[PDB]
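Colleague: Could you have a look at this structure, given as structure tokens, before my questions?
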Amino acid sequence: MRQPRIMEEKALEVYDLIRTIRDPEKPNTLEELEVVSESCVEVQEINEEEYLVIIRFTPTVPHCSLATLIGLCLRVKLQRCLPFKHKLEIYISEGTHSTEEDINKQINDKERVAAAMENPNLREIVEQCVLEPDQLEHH
């Protein structure tokens with residue numbers, strides 16, 4: 001039998017979508033902060049008009065106040081900017097010895113993602129983070 005389909009160029013496009021997101025505190029991008037790389041991202045076919053997207057990242061600090069908001073930016077950027085039925089899955093592993101399991105729930109559960117977008121402060125930070133820098137060559 002033949003080998004299955006692999007969405008390798010979709011994984012390249014998904015990577016470039018998140019590559020230019022900014023950190024919740026720093027003005028520099030997730031790539032400049034070393035948060036992500038090609039091997040962080042994967043994509044699979046569900047049907048010819050429906051697809052699974054997977055990201056497994058490492059945050060700038062092992063603290064929920066940034067780690068949630070980075071994984072929310074990953075989800076929120078791709079879920080709004082991608083065409084057609086792309087199903088997102090976002091994962092993380094840094095924390096104390098427990099926090100990491102709640103951060104996975106906060107960044108990837110649909111009701112937690114909706115609650116983070118209903119909250120005005122988290123929304124306003126995420127909007128500034130998911131919008132990419134133009135140049136900013138001030139120094």
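To be explicit about the labels: the chains of the structure tokens are called A, B, and onward in the order shown, and within each one the residues are counted from 1, while ligands get numbers from 1 in the order they are shown.
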Give the strand (DSSP E) residues of segment 7-120 of chain A, as assigned by DSSP on the backbone, as a ChimeraX atom specification.

Modeller: /A:41-47,50-57,85-92

Colleague: What lies within 12 Å of residue 26 of chain A using only C-alpha atoms, ignoring chain neighbours under 2 positions off, as a list in words?

Modeller: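 So, after excluding close chain neighbours, the residues are residues 21, 22, 23, 24, 28, 29, 30, 32, 33, 60, 61, 66, 70, 125, 128, 129 and 133 of chain A.
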
Colleague: Go ahead and dump the residues you just picked, N, CA and C atoms, as a PDB file, in the first residue's frame.

Modeller:
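Now in out-v3.pdb:
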```pdb
ATOM      1  N   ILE A  21       4.067  36.815  15.727  1.00  0.00           N
ATOM      2  CA  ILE A  21       3.372  37.207  16.975  1.00  0.00           C
ATOM      3  C   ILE A  21       4.414  37.753  17.964  1.00  0.00           C
ATOM      4  N   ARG A  22       4.063  38.768  18.760  1.00  0.00           N
ATOM      5  CA  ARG A  22       4.914  39.365  19.805  1.00  0.00           C
ATOM      6  C   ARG A  22       4.648  38.757  21.193  1.00  0.00           C
ATOM      7  N   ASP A  23       5.661  38.761  22.063  1.00  0.00           N
ATOM      8  CA  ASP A  23       5.527  38.319  23.463  1.00  0.00           C
ATOM      9  C   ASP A  23       4.596  39.263  24.285  1.00  0.00           C
ATOM     10  N   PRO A  24       3.848  38.759  25.299  1.00  0.00           N
ATOM     11  CA  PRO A  24       2.975  39.566  26.159  1.00  0.00           C
ATOM     12  C   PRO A  24       3.628  40.766  26.867  1.00  0.00           C
ATOM     13  N   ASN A  28       9.587  42.270  20.799  1.00  0.00           N
ATOM     14  CA  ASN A  28      10.125  41.326  19.816  1.00  0.00           C
ATOM     15  C   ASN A  28       9.219  40.087  19.653  1.00  0.00           C
ATOM     16  N   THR A  29       9.379  39.388  18.525  1.00  0.00           N
ATOM     17  CA  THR A  29       8.525  38.266  18.093  1.00  0.00           C
ATOM     18  C   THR A  29       8.872  36.944  18.772  1.00  0.00           C
ATOM     19  N   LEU A  30       7.931  35.999  18.763  1.00  0.00           N
ATOM     20  CA  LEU A  30       8.088  34.641  19.303  1.00  0.00           C
ATOM     21  C   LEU A  30       9.290  33.895  18.702  1.00  0.00           C
ATOM     22  N   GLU A  32      12.152  35.530  17.539  1.00  0.00           N
ATOM     23  CA  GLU A  32      13.292  36.238  18.152  1.00  0.00           C
ATOM     24  C   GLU A  32      13.501  35.822  19.621  1.00  0.00           C
ATOM     25  N   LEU A  33      12.409  35.580  20.358  1.00  0.00           N
ATOM     26  CA  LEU A  33      12.409  35.044  21.725  1.00  0.00           C
ATOM     27  C   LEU A  33      12.635  33.513  21.780  1.00  0.00           C
ATOM     28  N   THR A  60       8.332  31.858  27.020  1.00  0.00           N
ATOM     29  CA  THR A  60       9.434  32.751  27.437  1.00  0.00           C
ATOM     30  C   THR A  60       9.758  32.662  28.928  1.00  0.00           C
ATOM     31  N   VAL A  61       8.744  32.426  29.765  1.00  0.00           N
ATOM     32  CA  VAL A  61       8.863  32.126  31.208  1.00  0.00           C
ATOM     33  C   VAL A  61       7.866  31.022  31.618  1.00  0.00           C
ATOM     34  N   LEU A  66       2.008  34.701  31.352  1.00  0.00           N
ATOM     35  CA  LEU A  66       2.517  34.785  29.974  1.00  0.00           C
ATOM     36  C   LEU A  66       2.268  33.482  29.206  1.00  0.00           C
ATOM     37  N   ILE A  70       0.524  33.441  25.500  1.00  0.00           N
ATOM     38  CA  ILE A  70       1.275  32.981  24.311  1.00  0.00           C
ATOM     39  C   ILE A  70       0.487  31.888  23.574  1.00  0.00           C
ATOM     40  N   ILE A 125      -4.503  42.703  25.214  1.00  0.00           N
ATOM     41  CA  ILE A 125      -3.117  42.200  25.119  1.00  0.00           C
ATOM     42  C   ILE A 125      -2.976  41.248  23.922  1.00  0.00           C
ATOM     43  N   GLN A 128      -2.891  43.102  20.513  1.00  0.00           N
ATOM     44  CA  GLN A 128      -1.576  43.728  20.327  1.00  0.00           C
ATOM     45  C   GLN A 128      -0.482  42.685  20.044  1.00  0.00           C
ATOM     46  N   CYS A 129      -0.543  41.508  20.676  1.00  0.00           N
ATOM     47  CA  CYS A 129       0.420  40.424  20.460  1.00  0.00           C
ATOM     48  C   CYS A 129       0.286  39.759  19.079  1.00  0.00           C
ATOM     49  N   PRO A 133       4.718  43.339  14.073  1.00  0.00           N
ATOM     50  CA  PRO A 133       5.433  44.605  13.951  1.00  0.00           C
ATOM     51  C   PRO A 133       5.786  44.895  12.482  1.00  0.00           C
TER      52      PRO A 133
END
```

Colleague: Going by DSSP on the backbone, which residues of chain A come out as helix (DSSP H, G or I)? List them as a PyMOL selection string.

Modeller: chain A and resi 8-19+38-40+64-81+99-108+110-118+120-130

Colleague: Keeping only C-alpha atoms, write those residues as a JSON list (two decimals), in the first residue's frame.

Modeller:
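Output saved as part-v5.json:
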```
[["chain", "number", "residue", "atom", "x", "y", "z"],
["A", 8, "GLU", "CA", 4.06, 19.80, 5.16],
["A", 9, "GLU", "CA", 3.54, 23.14, 3.29],
["A", 10, "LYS", "CA", 0.44, 23.82, 5.46],
["A", 11, "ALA", "CA", 2.76, 23.33, 8.51],
["A", 12, "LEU", "CA", 5.20, 25.87, 6.89],
["A", 13, "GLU", "CA", 2.27, 28.35, 6.38],
["A", 14, "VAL", "CA", 0.94, 27.75, 9.97],
["A", 15, "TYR", "CA", 4.49, 28.36, 11.31],
["A", 16, "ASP", "CA", 4.83, 31.66, 9.34],
["A", 17, "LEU", "CA", 1.34, 32.74, 10.67],
["A", 18, "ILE", "CA", 2.56, 32.44, 14.34],
["A", 19, "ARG", "CA", 6.28, 33.34, 13.68],
["A", 38, "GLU", "CA", 9.40, 24.55, 12.22],
["A", 39, "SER", "CA", 9.53, 21.36, 14.41],
["A", 40, "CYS", "CA", 7.06, 23.05, 16.86],
["A", 64, "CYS", "CA", 0.78, 31.18, 33.76],
["A", 65, "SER", "CA", 0.33, 34.97, 33.17],
["A", 66, "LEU", "CA", 2.52, 34.78, 29.97],
["A", 67, "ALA", "CA", 2.38, 31.01, 29.16],
["A", 68, "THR", "CA", -1.47, 31.03, 28.79],
["A", 69, "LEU", "CA", -1.43, 34.24, 26.76],
["A", 70, "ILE", "CA", 1.28, 32.98, 24.31],
["A", 71, "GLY", "CA", -0.74, 29.76, 23.65],
["A", 72, "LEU", "CA", -3.95, 31.85, 23.35],
["A", 73, "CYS", "CA", -2.15, 34.08, 20.75],
["A", 74, "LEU", "CA", -1.17, 30.87, 18.82],
["A", 75, "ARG", "CA", -4.84, 29.62, 18.86],
["A", 76, "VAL", "CA", -6.44, 33.08, 18.22],
["A", 77, "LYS", "CA", -4.12, 34.07, 15.29],
["A", 78, "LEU", "CA", -4.54, 30.77, 13.36],
["A", 79, "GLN", "CA", -8.27, 30.21, 14.14],
["A", 80, "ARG", "CA", -9.13, 33.72, 12.74],
["A", 81, "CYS", "CA", -6.50, 34.03, 9.92],
["A", 99, "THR", "CA", 0.42, 24.38, 36.39],
["A", 100, "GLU", "CA", 1.35, 23.12, 32.89],
["A", 101, "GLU", "CA", -1.78, 20.84, 32.85],
["A", 102, "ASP", "CA", -4.05, 23.87, 33.59],
["A", 103, "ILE", "CA", -2.20, 26.03, 30.98],
["A", 104, "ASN", "CA", -2.90, 23.27, 28.36],
["A", 105, "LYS", "CA", -6.62, 23.49, 29.40],
["A", 106, "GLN", "CA", -6.66, 27.36, 29.31],
["A", 107, "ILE", "CA", -5.02, 27.65, 25.82],
["A", 108, "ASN", "CA", -6.88, 24.73, 24.14],
["A", 110, "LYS", "CA", -13.02, 26.25, 23.55],
["A", 111, "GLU", "CA", -14.92, 27.72, 26.57],
["A", 112, "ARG", "CA", -11.60, 28.84, 28.20],
["A", 113, "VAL", "CA", -10.49, 30.37, 24.82],
["A", 114, "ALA", "CA", -13.90, 32.17, 24.59],
["A", 115, "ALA", "CA", -13.64, 33.39, 28.24],
["A", 116, "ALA", "CA", -10.13, 34.81, 27.52],
["A", 117, "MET", "CA", -11.63, 36.70, 24.49],
["A", 118, "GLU", "CA", -14.66, 37.98, 26.54],
["A", 120, "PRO", "CA", -11.21, 42.92, 27.99],
["A", 121, "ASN", "CA", -7.61, 43.04, 29.38],
["A", 122, "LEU", "CA", -6.60, 39.58, 27.99],
["A", 123, "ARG", "CA", -8.32, 40.39, 24.63],
["A", 124, "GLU", "CA", -6.55, 43.82, 24.36],
["A", 125, "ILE", "CA", -3.12, 42.20, 25.12],
["A", 126, "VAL", "CA", -3.81, 39.29, 22.66],
["A", 127, "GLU", "CA", -4.85, 41.75, 19.87],
["A", 128, "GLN", "CA", -1.58, 43.73, 20.33],
["A", 129, "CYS", "CA", 0.42, 40.42, 20.46],
["A", 130, "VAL", "CA", -1.17, 38.73, 17.36]]
```

Colleague: State, in Å with one decimal place, the distance from atom CA of residue 96 of chain A to atom CA of residue 20 of chain A.

Modeller: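 Taking atom CA of residue 96 of chain A and atom CA of residue 20 of chain A, their separation equals 27.8 Å.
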
Colleague: Report, in Å with one decimal, the straight-line distance from atom CA of residue 62 of chain A to atom CA of residue 92 of chain A.

Modeller: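 Between atom CA of residue 62 of chain A and atom CA of residue 92 of chain A the gap works out to 10.0 Å.
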
Colleague: Just want the 7 Å neighbourhood of residue 42 of chain A, counted on only C-alpha atoms, with same-chain residues fewer than 2 positions away dropped. Output as a CSV table (one decimal) with N, CA and C atoms, in the first residue's frame.

Modeller:
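Below is the file that was written, around01.csv:
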```csv
chain,number,residue,atom,x,y,z
A,11,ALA,N,2.0,23.1,7.3
A,11,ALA,CA,2.8,23.3,8.5
A,11,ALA,C,3.8,24.5,8.4
A,53,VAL,N,-4.6,21.0,12.9
A,53,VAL,CA,-3.3,21.7,13.1
A,53,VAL,C,-2.9,21.5,14.6
A,54,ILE,N,-1.6,21.2,14.8
A,54,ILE,CA,-1.0,20.8,16.1
A,54,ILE,C,0.2,21.7,16.3
A,55,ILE,N,0.3,22.4,17.5
A,55,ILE,CA,1.5,23.1,17.9
A,55,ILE,C,1.9,22.7,19.3
```

Colleague: Given only C-alpha atoms as the basis, pick out the residue of A:95, A:83, A:27, A:59 nearest to residue 132 of chain A.

Modeller: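 Checking each candidate against residue 132 of chain A, we get A:27 as the closest.
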
Colleague: To one decimal place in Å, what is the distance between atom CA of residue 87 of chain A and atom CA of residue 52 of chain A?

Modeller: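 It comes out at 4.9 Å.
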
Colleague: What lies within 9 Å of residue 84 of chain A using only C-alpha atoms, ignoring chain neighbours under 5 positions off, as a CSV table (one decimal) with N, CA, C and O atoms, in the first residue's frame?

Modeller:
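So the final result, stored in result19.csv, reads:
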```
chain,number,residue,atom,x,y,z
A,49,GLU,N,-11.7,18.8,2.7
A,49,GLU,CA,-12.1,20.2,3.1
A,49,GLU,C,-12.1,20.4,4.7
A,49,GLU,O,-12.7,21.3,5.2
A,50,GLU,N,-11.3,19.6,5.4
A,50,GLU,CA,-11.2,19.6,6.9
A,50,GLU,C,-9.9,19.1,7.4
A,50,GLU,O,-9.4,18.0,7.0
A,51,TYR,N,-9.2,19.9,8.2
A,51,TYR,CA,-7.8,19.6,8.6
A,51,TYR,C,-7.4,19.8,10.0
A,51,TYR,O,-8.0,20.7,10.7
```
